[PDB]
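Shown next as structure tokens: one chain only, the form deposited in one PDB entry.
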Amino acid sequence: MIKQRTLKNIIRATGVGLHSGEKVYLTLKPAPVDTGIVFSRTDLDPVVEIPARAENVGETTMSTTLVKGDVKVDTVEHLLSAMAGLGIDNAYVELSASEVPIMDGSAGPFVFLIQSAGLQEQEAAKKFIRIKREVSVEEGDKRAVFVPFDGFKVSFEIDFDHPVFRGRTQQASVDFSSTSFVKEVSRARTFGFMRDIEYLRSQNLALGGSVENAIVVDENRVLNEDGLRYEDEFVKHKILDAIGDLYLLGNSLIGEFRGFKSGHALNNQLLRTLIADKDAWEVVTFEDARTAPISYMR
């Protein structure tokens, strides 16, 4: 059978919050079967735990934020993307502050931490959510869709008209049958438009942001000296973001996500909308791994 997995060891890193600029301690820990991913604010007294589930998502304007009452964990998407890509079912994530460290702006440092901690197979069947019927949400010209697919695929299109984006592909469709999340998606850095970053900074926001953790573009050029890690790094990051947001379903997906200029808000709306309609999905397991359309071989 395809088994659930967790980490073999506890592992740690430090960084700064993108929004807050606040130095933060991060800890990843193994967790028992059927735990899912659980975030814990260890700085608070008492310690506050927030399961990484769609129903716990609060604000989604800049990043995906988990909330429990007045307590938040901000910017969970890049870490969750790594958890999803490596097929980690169960883990505890401890934080000393209200935001996951931005690290290098991608999911790479988290893939690094997870792989370094080691992967532990557990004695329980891994559960998958299979899309049975196409479900969509939109807001204006933005659209997010789940489509049935015998495997796992993420497609995305962005549509920027700024000169800096002219001629760029602005589209990608990744079938993970033959694409490596680690090698071809995970290291895609977040990006920001200079005008927007200036506005945030003017309000004392985005304090942790720098060219060392984000691709910065003005109307016309990429400001980063070294260019891009992937030729299509911008759309690859949108795909990364979607994979992280999608993992709030609590299980790996058998199906396709299609995004069109979509963001965390639409992503979460899509999740809640899917979850609510029981005719559009089912939970499946695989007693024989070679019968599965998906593989988390390592």
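In case it trips you up, residue 1 is the first one in the sequence shown, and so on. In this text, rigid core is short for the largest set of C-alphas that superpose within 1.5 Å between two forms.
From this point on, the text means the form deposited in another entry, which you will not see here.
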property	result
Flagged residue of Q115, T169, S136, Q120 - C-alpha shift reaching 2 Å or more between the shown form and the other one, core superposed	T169
Closer or farther: C-alpha pair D141/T169 in the other entry, relative to this form, given a change of 3 Å or more	closer
Distance trend in the other entry - C-alpha atoms of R168 and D104, change of 3 Å or more	farther
